[PDB]
Amino acid sequence: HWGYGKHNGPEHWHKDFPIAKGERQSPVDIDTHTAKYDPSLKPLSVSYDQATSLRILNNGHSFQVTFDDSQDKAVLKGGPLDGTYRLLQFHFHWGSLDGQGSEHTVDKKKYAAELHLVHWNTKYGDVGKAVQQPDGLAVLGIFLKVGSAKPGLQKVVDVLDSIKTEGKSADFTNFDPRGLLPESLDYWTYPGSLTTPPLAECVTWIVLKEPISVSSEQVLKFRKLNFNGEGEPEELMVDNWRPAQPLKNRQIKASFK
Ligand SMILES: CC(C)NC[C@@H](O)COc1ccc(C(=O)NCCc2ccc(S(N)(=O)=O)cc2)cc1
Ligand SMILES: [Zn+2]
């Protein structure tokens, strides 16, 4: 199956998922001098006060915290979006060393990791139908750099030892994703895709300008996860990022001057 290794990594994905060479693939490099300020872009609306986390799970390509999305309890609206998008899950991509790990880049700069908060457009009823629409998902992307610790991440990192291998999950209730957001909600936006198979071209990307800082100890715990399942040859879950893809006929818009 697909992965991030030598013989199944991102350069191979197009054989099973030909849209990998498509016209609106993600991630991309954000050239800050080429992105144009759009004064018509509204402030983002992050409404997470009633978010209900359910589970945390190692899925073989990342770890994910899942939320109750059967009601409008944690929604994203405004910004470049038309309508209400419900939070389904968040997950991260990270590197083997601090100078790589993000999927999006900024003037070719790679960050140590990237957080993706995944939401789907309520006008399509369920996430599976949303992934078949060009405006079906909205992913909020947040860069992580290594420095001071992010206190609101510690509850996540402390439970990772209980989901070390592919397939494992645990109860993860009462987690507040507001503790992972930076001060500013200034952002770049462009039309793109899922960054893992099936690479569906269904995402409005909203990438925050301001990174969050996490400690070397916190990211070290990400790097102790395993791609493999319990009992198979241990392969550390590191470098689970797709590189930047061709921008093609797309403009990146900025919400800020
Ligand atoms: C009904 C049967 C046939 N299955 C059809 C379909 O409903 C399957 O159910 C699904 C389908 C898709 C999802 C889903 O969440 N897909 C998106 C996965 C996904 C989300 C976010 C990213 S990233 N790295 O860009 O932020 C990448 C992949 C969840 C459930
Ligand atoms: Zn992702």
# chains A, B, ... in the order shown; residues from 1 in each chain; ligands from 1

call {"tool": "residues_near_ligand", "arguments": {"ligand": "ligand 1", "cutoff": "7 Å", "atoms": "only C-alpha atoms and all ligand atoms", "output": "PyMOL selection string"}}
result
chain A and resi 116-118+127-129+131+139+193-197

call {"tool": "residues_around", "arguments": {"residues": "residue 141 of chain A", "least_positions_apart": "6", "cutoff": "7 Å", "atoms": "only C-alpha atoms", "output": "number ranges by chain"}}
result
A: 114-117, 206-208

call {"tool": "residues_around", "arguments": {"residues": "residue 88 of chain A", "least_positions_apart": "4", "cutoff": "12 Å", "atoms": "only C-alpha atoms", "output": "MDAnalysis selection string"}}
result
chainID A and resid 48 51:55 64:76 116:122 126:128 130 137:140 177

call {"tool": "select_by_dssp", "arguments": {"residues": "segment 65-203 of chain A", "states": "helix (DSSP H, G or I)", "output": "ChimeraX atom specification"}}
result
/A:122-124,127-130,151-157,160-163,177-180

call {"tool": "residues_around", "arguments": {"residues": "residue 40 of chain A", "least_positions_apart": "4", "cutoff": "10 Å", "atoms": "only C-alpha atoms", "output": "JSON, numbers by chain"}}
result
{"A": [79, 80, 255]}

call {"tool": "write_last_selection", "arguments": {"atoms": "C-alpha atoms", "output": "JSON list (two decimals), in the first residue's frame"}}
result
[["chain", "number", "residue", "atom", "x", "y", "z"],
["A", 79, "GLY", "CA", -12.69, 33.79, 5.60],
["A", 80, "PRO", "CA", -12.88, 32.63, 1.99],
["A", 255, "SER", "CA", -5.90, 38.08, 4.26]]

call {"tool": "residues_around", "arguments": {"residues": "residue 105 of chain A", "least_positions_apart": "3", "cutoff": "12 Å", "atoms": "only C-alpha atoms", "output": "PyMOL selection string"}}
result
chain A and resi 26-32+99-102+108-114+141-144+188+207-209+211+241-245

call {"tool": "atom_distance", "arguments": {"atom1": "atom CA of residue 94 of chain A", "atom2": "atom CA of residue 223 of chain A"}}
result
8.0 Å

call {"tool": "closest_residue", "arguments": {"among": "A:160, A:180, A:199, A:254", "to": "ligand 2", "atoms": "only C-alpha atoms and all ligand atoms"}}
result
A:199

call {"tool": "closest_residue", "arguments": {"among": "A:251, A:154, A:165, A:226", "to": "residue 214 of chain A", "atoms": "only C-alpha atoms"}}
result
A:154

call {"tool": "atom_distance", "arguments": {"atom1": "atom CA of residue 35 of chain A", "atom2": "atom CA of residue 190 of chain A"}}
result
9.8 Å

call {"tool": "select_by_dssp", "arguments": {"residues": "segment 111-211 of chain A", "states": "strand (DSSP E or B)", "output": "number ranges by chain"}}
result
A: 113-121, 137-146, 169-171, 187-192, 203-208

call {"tool": "write_last_selection", "arguments": {"atoms": "N, CA and C atoms", "output": "compact mmCIF listing (two decimals), in the first residue's frame"}}
result
# COMPACT_ATOMS: atom_id res chain seq x y z
N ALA A 113 6.97 20.80 11.68
CA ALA A 113 5.74 20.01 11.61
C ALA A 113 4.62 20.91 11.11
N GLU A 114 3.48 20.29 10.79
CA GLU A 114 2.28 21.00 10.34
C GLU A 114 1.04 20.31 10.89
N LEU A 115 0.17 21.11 11.50
CA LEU A 115 -1.11 20.66 12.05
C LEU A 115 -2.24 20.93 11.05
N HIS A 116 -3.10 19.93 10.84
CA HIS A 116 -4.23 20.06 9.92
C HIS A 116 -5.51 19.81 10.71
N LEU A 117 -6.35 20.85 10.83
CA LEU A 117 -7.68 20.72 11.40
C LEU A 117 -8.65 20.61 10.22
N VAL A 118 -9.36 19.47 10.14
CA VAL A 118 -10.09 19.09 8.93
C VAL A 118 -11.58 19.33 9.14
N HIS A 119 -12.21 20.07 8.23
CA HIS A 119 -13.64 20.36 8.33
C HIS A 119 -14.34 20.08 7.01
N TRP A 120 -15.64 19.72 7.08
CA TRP A 120 -16.42 19.46 5.88
C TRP A 120 -17.69 20.31 5.81
N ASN A 121 -18.08 20.62 4.57
CA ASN A 121 -19.16 21.56 4.28
C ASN A 121 -20.50 20.89 4.56
N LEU A 137 -14.32 20.43 1.50
CA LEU A 137 -13.55 20.47 2.73
C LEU A 137 -12.83 21.80 2.86
N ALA A 138 -12.55 22.16 4.12
CA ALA A 138 -11.72 23.30 4.45
C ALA A 138 -10.73 22.79 5.48
N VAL A 139 -9.44 22.87 5.18
CA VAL A 139 -8.40 22.45 6.12
C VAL A 139 -7.65 23.68 6.59
N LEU A 140 -7.66 23.89 7.91
CA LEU A 140 -6.86 24.93 8.54
C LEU A 140 -5.48 24.36 8.86
N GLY A 141 -4.44 24.98 8.31
CA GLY A 141 -3.07 24.52 8.45
C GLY A 141 -2.29 25.47 9.34
N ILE A 142 -1.56 24.90 10.30
CA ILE A 142 -0.78 25.66 11.28
C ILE A 142 0.63 25.07 11.34
N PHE A 143 1.64 25.92 11.14
CA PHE A 143 3.03 25.49 11.21
C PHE A 143 3.48 25.35 12.67
N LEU A 144 4.38 24.39 12.91
CA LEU A 144 5.02 24.22 14.21
C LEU A 144 6.52 24.42 14.07
N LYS A 145 7.09 25.29 14.90
CA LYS A 145 8.53 25.43 15.04
C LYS A 145 8.93 24.99 16.44
N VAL A 146 10.20 24.62 16.58
CA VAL A 146 10.73 24.11 17.85
C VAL A 146 11.34 25.24 18.66
N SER A 169 -5.99 2.74 19.16
CA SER A 169 -6.77 3.93 19.47
C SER A 169 -7.01 3.99 20.98
N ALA A 170 -7.43 5.16 21.45
CA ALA A 170 -7.77 5.34 22.85
C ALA A 170 -8.83 6.42 23.01
N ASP A 171 -9.53 6.37 24.14
CA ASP A 171 -10.45 7.44 24.50
C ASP A 171 -9.69 8.74 24.65
N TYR A 187 -3.98 34.72 7.39
CA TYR A 187 -3.86 33.48 6.64
C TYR A 187 -3.61 33.73 5.16
N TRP A 188 -3.12 32.69 4.50
CA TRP A 188 -3.13 32.55 3.05
C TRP A 188 -4.18 31.52 2.64
N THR A 189 -4.76 31.69 1.46
CA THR A 189 -5.76 30.71 1.01
C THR A 189 -5.61 30.41 -0.48
N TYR A 190 -5.87 29.15 -0.86
CA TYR A 190 -5.83 28.75 -2.27
C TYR A 190 -6.64 27.46 -2.41
N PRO A 191 -7.12 27.14 -3.62
CA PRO A 191 -7.85 25.88 -3.84
C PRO A 191 -6.88 24.72 -4.06
N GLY A 192 -7.08 23.63 -3.35
CA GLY A 192 -6.13 22.52 -3.38
C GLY A 192 -6.76 21.15 -3.19
N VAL A 203 -10.48 20.64 -1.46
CA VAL A 203 -10.10 21.39 -0.27
C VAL A 203 -9.91 22.87 -0.58
N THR A 204 -10.53 23.72 0.24
CA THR A 204 -10.10 25.11 0.35
C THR A 204 -9.07 25.17 1.48
N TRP A 205 -7.82 25.46 1.13
CA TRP A 205 -6.73 25.53 2.10
C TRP A 205 -6.69 26.91 2.76
N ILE A 206 -6.54 26.93 4.08
CA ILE A 206 -6.41 28.16 4.85
C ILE A 206 -5.20 27.92 5.74
N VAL A 207 -4.08 28.56 5.40
CA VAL A 207 -2.81 28.31 6.08
C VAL A 207 -2.45 29.54 6.90
N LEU A 208 -2.26 29.37 8.20
CA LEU A 208 -2.01 30.49 9.09
C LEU A 208 -0.58 31.01 8.96

call {"tool": "atom_distance", "arguments": {"atom1": "atom CA of residue 221 of chain A", "atom2": "atom CA of residue 2 of chain A"}}
result
23.9 Å
